[PDB]
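With ideal geometry, Cβ positions are generated from the backbone for all residues, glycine too; neighbour counts draw on all protein chains shown. Since every read-out is calculated from the coordinates, none of them should be taken as a lab result.
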Amino acid sequence: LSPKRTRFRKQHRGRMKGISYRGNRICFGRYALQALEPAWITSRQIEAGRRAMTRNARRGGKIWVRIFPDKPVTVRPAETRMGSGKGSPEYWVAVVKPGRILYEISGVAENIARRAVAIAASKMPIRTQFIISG
Amino acid sequence: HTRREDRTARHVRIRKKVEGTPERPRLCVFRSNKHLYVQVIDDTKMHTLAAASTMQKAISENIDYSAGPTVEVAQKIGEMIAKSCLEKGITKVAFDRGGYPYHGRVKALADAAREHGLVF
Amino acid sequence: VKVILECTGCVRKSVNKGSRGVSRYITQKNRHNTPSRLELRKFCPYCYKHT
Amino acid sequence: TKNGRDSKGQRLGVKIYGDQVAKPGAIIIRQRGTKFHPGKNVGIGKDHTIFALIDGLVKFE
Amino acid sequence: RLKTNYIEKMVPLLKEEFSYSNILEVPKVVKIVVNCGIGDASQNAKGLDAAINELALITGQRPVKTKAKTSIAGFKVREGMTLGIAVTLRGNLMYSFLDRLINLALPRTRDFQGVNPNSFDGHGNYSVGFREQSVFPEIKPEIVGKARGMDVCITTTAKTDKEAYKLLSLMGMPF
Amino acid sequence: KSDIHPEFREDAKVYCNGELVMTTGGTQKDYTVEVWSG
RNA sequence: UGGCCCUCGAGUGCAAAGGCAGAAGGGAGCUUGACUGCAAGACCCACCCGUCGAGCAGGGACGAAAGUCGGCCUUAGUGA
RNA sequence: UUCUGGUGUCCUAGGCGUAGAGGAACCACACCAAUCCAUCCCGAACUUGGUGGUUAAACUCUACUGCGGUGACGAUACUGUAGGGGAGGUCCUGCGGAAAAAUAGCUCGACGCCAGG
């Protein structure tokens, strides 16, 4: 859900620039949930979706949170935006660009995988679709 | 290291050329168990101006039961390289021990070269 | 403690060419006294510039 | 509260690029440590600066 | 004088044994070194003098008071505080005092497993050392009243695990 | 310095010689060495 | 305390970056150049400041000699 | 005129591993003693003086692609300009430049210089 070591406390923002290579073909699993829309994904989404496909699969097959957040986003109180002292202890975020794999799931029959990864796509802020291990 | 007396002598020379920095007319030695070689060489054109060795004196005199280097054969090799550039027009010459500590017989090669008017 | 301290030559106030005290301040004395042969005094060479 | 903001602003470029005209004494490089070593006709300085000795051209190699 | 026969009698047996092409490869006892690890030689100055006197008299030449590689906190160990005393002895005195080990350290120990070959013969090339039995009959033994480490290490030109052990067996060191 | 002159007085004659024909000086005098283990 | 891989991962008084393993790393020998009079030209450049400097004279250190040495691996340690 | 080590300079950098070949000369070790010297302990190094036995080690020479180094074209990313799409995050065409990565590959360097047998 978060990294153990705080290398640098705060870390300023970045920006998305669409994938062209490292399309993250498939490595584990057999069914992935390929992102299409660049955006951030917090660690709490990740929690949500994971719960979704774990309790939905619920019989077999292994989940794979293919990406780990590793960058902090800060938030400031309501004090007229003076100096950004402390907000990194707030949520973490994984920058996810297009063409990227978010989950992977094996050991599950076809359509059960479709319901797991479809629901999981409902819990998550960007339009995805599920891919088979070609 | 494993070529203790090769890494050692060789690199020690590279030391003598890193900081000691002899560049213009430089005479270098090389003392092996059978012989002494010596060169007067120029860096600009990278050719040995005037060499000499224990393969020109031993044409007349040497001894083998000794170490090919002995204070006296060195005396004669500095003798010869001296009386070679004593006539060639090389007054000052940047001496460099070839990594051999200056004590000993390379002394005798130096003083031998000095007595015969090499501005040293 | 790094107190400053100045050095001085061998005075010999004379009627010669401008001869004169030659101080040279230096630092660091946290020890017993240190003289040094800083040189090029009024007279050319020098030795044992004390204090 | 900020704690931060104490930058120096110092400047240290290459002064005479390869194939410019070097005066004598002119500075070739002002550097922090020795990126470029002295070759020949240049002199290192106290702080590793690299300055030309004779007029001509600078060749980085 | 262990050297001579060692040179003419027990060289041909290894030369024939390994089936060389050159005696020039046969191993020899290259060098040894004896050292005396000390708890605090700093605070026992006459213990530094105990290193000098004893370890000098025992072996051929003087010792070497050894300086701290790097410090260790808690203990009075600055980089240089002498904790360790060695004598890098070599040449042929080597032969005389591995001789007086064969002769006054094989006989006068009390426990005897001897020398475990696979013990203390482990290397890319031999470093065979022994711990304890520092005291000898020649030195007046009843002056020390404390324990004190020691090393007796060795080298070799051959890099097997036994030919220097066998070299100790061809000499007065079996078990 | 600490010279030792390791040549003159050497004591080391074992019970079963031949194996110990030799003997060497030093700063030790008793010419007898114990058989020990074997 | 002895033997094998090694990328300069060790250190360099103190922070970091750049540097440095013929070392700027460590240890020895002698020594005070952490001298006087200076200085072409550069770099920076609102000014005030600041930085480097081939080379010369005197008088020295070290070094057999070549040569190096007018402070400290460089940038903070300071104020008209 | 090859060979032998003597020094060096452009550099793809040059090596480690397996293999071999080298003693008439050269090179280097084993050997030997000690004034100069030297080992903070030791002739280990360094030194001077001797014997002058092997090529074993080291060096040199010829192969190797098992490693190491190197490294493409093409394509694509990206980007200059001229424009456009999208509520935005950001995306796309026209003319110009153009890779890193990987893979194929490419090397076990090229020249001088002096004393030689």
Cβ pairs under 9 Å, 6+ apart, first in segment B:73-101 and farther than 16 Å from B:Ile59 by Cα, second within 13 Å of RNA strand H (Cβ to nearest atom) and of a type in the set (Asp, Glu) = B:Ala94/B:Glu23
Only one of (1) under 16 Å from E:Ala164 (Cα atoms); (2) within 13 Å of RNA strand H (Cβ to nearest atom); (3) touching an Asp or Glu at 6+ places or on another chain (Cβ under 7 Å) does not apply to E:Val34, and that is (1)
Within segment D:8-29, residues without any contact (Cβ under 8 Å) to a residue 40 or more places away in the chain and either within 16 Å of RNA strand H (Cβ to nearest atom) or over 13 Å from the mean Cα position of the chain (by Cα) (or both) come out as D:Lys8, D:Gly9, D:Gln10, D:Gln20, D:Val21, D:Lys23, D:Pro24
Find the residue count for segment A:9-27, including only residues that are more than 11 Å from RNA strand H (Cβ to nearest atom) and within 23 Å of A:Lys71 (Cβ to Cβ).
-> 6
Which residue pairs have Cβ atoms closer than 8 Å, lie 6 or more positions apart in sequence or on different chains, and pair a first residue in segment B:26-45 that is within 14 Å of another protein chain (Cβ to nearest Cβ) with a second residue that is within 13 Å of RNA strand G (Cβ to nearest atom) and assigned to a strand (DSSP E or B)?
-> B:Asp43/B:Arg26
Matching residues, segment D:24-61, being of a type in the set (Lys, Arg) and either touching an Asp or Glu at 6+ places or on another chain (Cβ under 6 Å) or more than 6 Å from RNA strand G (Cβ to nearest atom) (or both) = D:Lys40, D:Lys59
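Each row is one residue, and each column tells you yes or no for (1) among the hydrophobic types (A, V, I, L, M, F, W, C); (2) in a loop (DSSP other than H, G, I, E, B); (3) free of Cβ contacts under 8 Å to residues at least 40 places away in the same chain.
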{"site": "C:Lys2", "(1), (2), (3)": "no, yes, yes"}
{"site": "C:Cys10", "(1), (2), (3)": "yes, yes, yes"}
{"site": "C:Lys13", "(1), (2), (3)": "no, yes, yes"}
{"site": "C:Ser19", "(1), (2), (3)": "no, yes, yes"}
{"site": "C:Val22", "(1), (2), (3)": "yes, yes, yes"}
{"site": "C:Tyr25", "(1), (2), (3)": "no, no, yes"}
{"site": "C:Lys29", "(1), (2), (3)": "no, yes, yes"}
{"site": "C:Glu39", "(1), (2), (3)": "no, yes, yes"}
{"site": "C:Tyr46", "(1), (2), (3)": "no, yes, yes"}
All positions within segment E:140-160 that are in a loop (DSSP other than H, G, I, E, B) and buried (at least 16 other Cβ atoms within 10 Å of the Cβ) = E:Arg148, E:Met150, E:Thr155, E:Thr156, E:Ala158
Within segment E:14-48, work out how many residues are out of contact with any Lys or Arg (no Cβ under 7 Å at 6 or more places or on another chain), loosely packed, with under 12 Cβ neighbours inside 10 Å and assigned to a helix (DSSP H, G or I).
-> 5
Look at segment F:1-14 and say how many of its residues are within 9 Å of another protein chain (Cβ to nearest Cβ), surrounded by 10 or more Cβ atoms within 10 Å (Cβ to Cβ) and over 10 Å from the mean Cα position of the chain (by Cα).
-> 3
Can you tell me which residues in segment F:15-38 are of a type in the set (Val, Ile, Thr), facing chain E (nearest Cβ under 9 Å) and farther than 21 Å from E:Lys9 by Cα?
-> F:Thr27, F:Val33, F:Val35
For residues that are away from RNA strand H (no atom under 16 Å from the Cβ) and of a type in the set (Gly, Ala, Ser), scanning just segment D:30-57, find the one that is farthest from the chain's Cα centre (by Cα).
-> D:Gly56
Going through segment B:42-65 in order, the residues found to be near RNA strand H (Cβ under 8 Å from one of its atoms) and under 23 Å from B:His103 (Cα atoms) are B:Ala51, B:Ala52, B:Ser53, B:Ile63, B:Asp64, B:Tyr65
Result of the Cβ filter at 6 Å on segment D:30-49, keeping first residues that are free of Cβ contacts under 8 Å to residues at least 12 places away in the same chain and partners that are within 16 Å of RNA strand H (Cβ to nearest atom), at least 6 apart or interchain, is D:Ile44/D:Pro38
Residues of segment B:1-48 classified as of a type in the set (S, T, N, Q) and within 10 Å of RNA strand G (Cβ to nearest atom), total | 2
